[PDB]
Amino acid sequence: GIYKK
Amino acid sequence: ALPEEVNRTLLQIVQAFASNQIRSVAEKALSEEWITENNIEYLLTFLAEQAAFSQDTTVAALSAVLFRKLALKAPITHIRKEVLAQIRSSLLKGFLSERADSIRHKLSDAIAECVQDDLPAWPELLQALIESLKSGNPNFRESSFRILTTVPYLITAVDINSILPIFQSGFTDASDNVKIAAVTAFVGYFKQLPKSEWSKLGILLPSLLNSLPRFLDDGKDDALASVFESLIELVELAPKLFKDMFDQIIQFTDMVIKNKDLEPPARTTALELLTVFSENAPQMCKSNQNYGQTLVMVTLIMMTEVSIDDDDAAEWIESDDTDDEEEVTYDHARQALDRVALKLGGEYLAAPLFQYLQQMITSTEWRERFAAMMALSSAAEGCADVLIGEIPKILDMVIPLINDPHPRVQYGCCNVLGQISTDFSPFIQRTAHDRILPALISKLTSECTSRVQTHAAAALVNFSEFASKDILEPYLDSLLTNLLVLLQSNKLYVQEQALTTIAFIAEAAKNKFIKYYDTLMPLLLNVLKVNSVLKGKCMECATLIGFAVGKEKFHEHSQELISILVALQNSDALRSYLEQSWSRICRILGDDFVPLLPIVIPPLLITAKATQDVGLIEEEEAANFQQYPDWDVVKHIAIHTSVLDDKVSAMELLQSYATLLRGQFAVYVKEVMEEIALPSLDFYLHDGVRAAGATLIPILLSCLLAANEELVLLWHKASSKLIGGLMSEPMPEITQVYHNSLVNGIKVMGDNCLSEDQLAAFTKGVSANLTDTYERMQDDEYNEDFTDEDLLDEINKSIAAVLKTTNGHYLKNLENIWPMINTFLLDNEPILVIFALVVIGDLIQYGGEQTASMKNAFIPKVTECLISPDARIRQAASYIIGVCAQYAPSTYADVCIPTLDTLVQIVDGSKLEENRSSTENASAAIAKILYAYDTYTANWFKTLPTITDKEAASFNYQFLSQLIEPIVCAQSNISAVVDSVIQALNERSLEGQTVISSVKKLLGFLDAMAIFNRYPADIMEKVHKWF
């Protein structure tokens, strides 16, 4: 999925 | 100063250090013969003389380093004063002589080891430092600042009117090195000294800040970045020091970051300085709207710095779905806006953010349309409090960009939709599924580039995670038909994503997925029977599907699937997928998994038995090991973190196996307990391992119990090591687990599971935890703790658990820590007060009326706590008053009924989610006083229903059951009587079958049915299974 770094 | 015999011996040894035969004959001689109480003085005198006077670069350097290492462990305190004086004067003479730069650095580090509280004054150095700072040689000035960095106490020793212009000269020195040294030494002062000393140098901050523009003039970007790195440390220490010149440093970093002819280090550090203010002084950032405006502006600028000299993004379209490591400023900007947003909230950041977002989405610069998307993605979580209500506008902005001509803007739009699907969940799933799903699904077509297809697919993972099966059902077929196409890509990362997306769609879809099993499972098997990650993800998808559809459907392909697992397992990222798939298969097959343990468990047992793997290393080889993420260091100690991370992973799996299989796992319990669980507590260099060992203990025991000398012995061993850890464990978070692990252990083992040796050692452990908790919390001009609330919450549990298993006997042992408890009760901070109140509440249950010795010691504080502004304190207090009249009726008569007035007041924003708990306990306490020993009973009745606190509801209703079986009986309160019961039942707070037939008796004396005409169909069906 989409995450933050 | 040394006998020529000694010199040549030691000179041979130190020269031998750089050459293995010649070499460690020497360091064995050094370690075993010369680092002794009889030779240390000679050895230190030698090395000091070598470093100071030898004209051989190597020997001088080595000796200076050796001296530094050896002066520490001697230690310099136990050295005869007359040799210390000799060593000092020679080091100093070497420092003031003609040496190489690196050697004077090592001389500096050596000299620093000769300065201490314990040690006789050394005014020659102080005088030497002052004259050296005035030298024309930069290395002399630099080395002096370096010494002040190691021993910042020296800054106190020098007259203030000399040290101040020294730093001001240092900040504006012609040499960059000296400047960096000056700044380092300045910040180091605050790093080491008490806050009471800070105001001595603090006044130098404006001088430092005014020196910064000079770096831009000289084009010294890297020196600037070094100075930024020091300032960042200073902001974490004393943010408020920056209050008066906050605007200029805000505008300076703005100026640096906008100058994009500069090399990235100057601009990333500048941004970090900005960022770090939000993390250390948020009130300050909020009180100045120029901050948020600047932070938003510059992060946006930096997020546009993608695909430089490549407007087609050709390099980006052709690469895989990983980050381009070269886009450093872009990445730094994303993390920065995220961190600040998380700290300041949307009320402050949303407005300036969207001012630019409005503008950038329309630009022809695709990079700005892209950047607008990523910025919203980073700020969404931290600005959620506000943006969660502006959700159709956001979609109105973002969704039209999903078909942007540039594929990197499309990607960006997929990013936002995915990101906000997480941060605004589950509300965005319930209210925007009709917009988000069609938009994402549309990007799955093979019309779009691989990168956009893949990212749309990723966003679907985010959405699914909090979308119910009912929301997904009409989209499932469309979703899957499209994803099957991604599955036929020639690009590997597209296939891998497709698998993962299907998996987690399946996980959310659950039984709604059963109709898709037949079309998918064969396509998966074909993939597996043919690229390690692909197979791993394919195995994950297969078992997640299996868990969704249930055991029966899964059984159509389970044995073949298992045979393929076996092939994969016994043939590094693949291993993780396999381990998880095994564990998921166990969840599915339940007890039918048991024959597969001999395959699954032994690999885990190995990884979980990993020893701490630590090599004690030298100070030079220190950073050297920490380049790699899998290694960390903290004498100096090199720990292999990933090996111990995998130790935790294996233990977590063993946990779940144990938890799922219960008694069927007993055969492993003894081994896992003695070889893995208990030794893990002694892993002092890894927190996770220690916690994993602790949580494992109760679950291991329950396994063996469910299936005895072994059980009793292991519990005795495990409880003792847990108890023994309470007095040694330095980490408060880990301490909490130990107490929690004891509670669960006690709950498993049952009655009287502790000997009174253990009860004693437990008390010493509790007292130590309380003592250390008190001191850590007993701690502004320069600056603006749930971890400890939580530790005290489980200490409440364990004491309560120990009281219960001893059936009261632990009252004796707890006597010895009441002074600690009493201190907490009166203390200012509510956290310490709440703890004490809960403890006293537990005490009276087993010690009523044993507690008359304590009565007037807490009741004065308890009665105050009743009216306290904190709901947590009122509740705990109300409970104590209640349990006073329940377990110790006559010892508290003179207190309970005078307070009966205050309870009637607190009982009436009371019936509201925040304090609904507090007022129900007071309601219970009133019912307890009324029972133990009459306008009050009618007042208590309209405090009903009791729906939150279960303990409180339990008493209130069989007080209601006994009040009848006056104001409650007959009359026309009969509809309020029934409903009071229905609400408690329906809310699952009420134990009530006592009251149900008390009610049924009343309904018999009548109109009986009409009382339930109020309730809807779902609650009526419950009523019929109730009455």
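- As recorded in the PDB header, X-ray crystallography is the method behind this entry, and the stated resolution is 2.800 Å.

1. Comments concerning the overall build of chain B
So, step 1. Each helix and strand counted, chain B has 56 helices and three strands in total.
So, step 2. Across its three principal directions, the C-alpha atoms of chain B cover 115 × 80 × 60 Å.

2. Examining the sheet that holds strand β3 (residues 636-640) of chain B
All names here are of chain B.
So, step 1. Pairing in this open sheet of three strands is antiparallel, and the strands run β1-β3-β2 from one edge to the other. The open sheet terminates on both sides in strands that have one partner only, identified here as β1 (614-617) and β2 (631-633). Across this sheet, the average inter-strand angle for adjacent strands is 25 degrees, counted without regard to direction.
So, step 2. Note: β1 against β3, four bridges, orientation antiparallel.

3. Concerning the interface of chain A and chain B
So, step 1. Counting from both sides, the interface comprises five residues of chain A and, opposite them, 17 residues of chain B.
So, step 2. By residue class, the composition of the side of chain A that touches chain B is two nonpolar, one polar and two charged.

4. So, the nonpolar core
All names here are of chain B.
So, step 1. The biggest cluster of nonpolar side chains holds 368 residues, and the ones touching the most others in it are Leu 231, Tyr 291, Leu 417, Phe 593, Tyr 657 and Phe 858.
So, step 2. Of the residues forming this core, the biggest block, twelve residues, is contributed by helix α46 (residues 830-847).
So, step 3. Setting aside its immediate chain neighbours within four residues, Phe 858 contacts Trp 818, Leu 825, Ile 840, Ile 844, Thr 851, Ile 880 and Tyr 892.

5. Some remarks on the environment of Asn288(B)
All names here are of chain B.
So, step 1. Secondary-structure assignment places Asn 288 in the loop between α16 (282-286) and α17 (289-303).
So, step 2. For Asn 288, a relative accessible area of 15% corresponds to the buried category.
So, step 3. Expressed as a C-alpha distance, the spacing of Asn 288 and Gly 412, which sit 124 residues apart in the sequence, is 31 Å.
So, step 4. When residues no more than four places from it in sequence are discounted, the contact partners of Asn 288 are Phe 246, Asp 247, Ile 250 and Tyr 348.
So, step 5. A distance of 3.1 Å separates polar atoms of two side chains, one belonging to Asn 288 and the other to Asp 247.

6. A few points about the packing of helix α31 (residues 532-549) of chain B against helix α33 (residues 558-569) of chain B
Packed helix pairs are specified by the crossing angle of their axes together with the interaxial distance, meaning the distance between the axes.
Residues and elements named next belong to chain B.
So, step 1. Between α31 and α33, the shortest axis-to-axis distance is 12 Å and the interhelical angle comes to 150 degrees. The pairing of α31 with α33 is recorded here as roughly antiparallel in orientation. Between α31 and α33 the crossing geometry is left-handed. Side by side, α31 and α33 meet where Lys 535, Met 539 and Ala 542 of the first sit next to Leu 561, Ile 564, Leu 565 and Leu 568 of the second.
So, step 2. Partitioning the contact of α31 with α33 into residue classes produces six nonpolar, no polar and one charged.

7. Describing a negative patch on the surface
So, step 1. Taken together, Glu315(B), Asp323(B), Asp324(B), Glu325(B) and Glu326(B) make up a surface patch of like negative charges.
So, step 2. Along the polypeptide, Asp323(B) turns up in the loop between α18 (314-318) and α19 (328-344).

Cut-offs applied
Residues numbered from 1 in each chain as written, not as in the entry; some residues may be left out. Chains lettered and ligands numbered in written order. Heavy atoms only, no water. Residues with missing side-chain atoms left out of burial classes, pairs and counts. Helix = DSSP H or I, 4+ residues; strand = E, 2+ residues; numbered from the N terminus. Pairing = 2+ DSSP bridges. Axes fitted to C-alpha atoms, helices over the stretch in contact; angles between N-to-C directions. Contact = heavy atoms within 4.5 Å. Nonpolar A, V, L, I, M, F, W, Y, C, P; charged D, E, K, R; others polar. Core = buried A, V, L, I, M, F, W, Y, C linked by side-chain atoms within 4.5 Å. Buried < 20%, exposed > 50% of the residue type's maximum accessible area, 1.4 Å probe, protein only. Polar contact = N/O pair within 3.5 Å; in protein donor to acceptor, adjacent residues only side chain to side chain. Parallel < 35°, antiparallel > 145°, perpendicular 65-115°, else oblique. Left-handed = near helix turned anticlockwise from the far one by under 90°. Patch = residues over 30% accessible without salt bridge, like charges linked within 9 Å, V, L, I, M, F, W, Y side chains within 5 Å. Areas by Shrake-Rupley, 256 points an atom, 1.4 Å probe, with all protein chains shown as cover. Salt bridge = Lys/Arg side-chain N within 4 Å of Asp/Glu carboxyl O. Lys, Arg positive; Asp, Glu negative; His and termini not counted. Charge placed at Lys NZ, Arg CZ, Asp CG, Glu CD.

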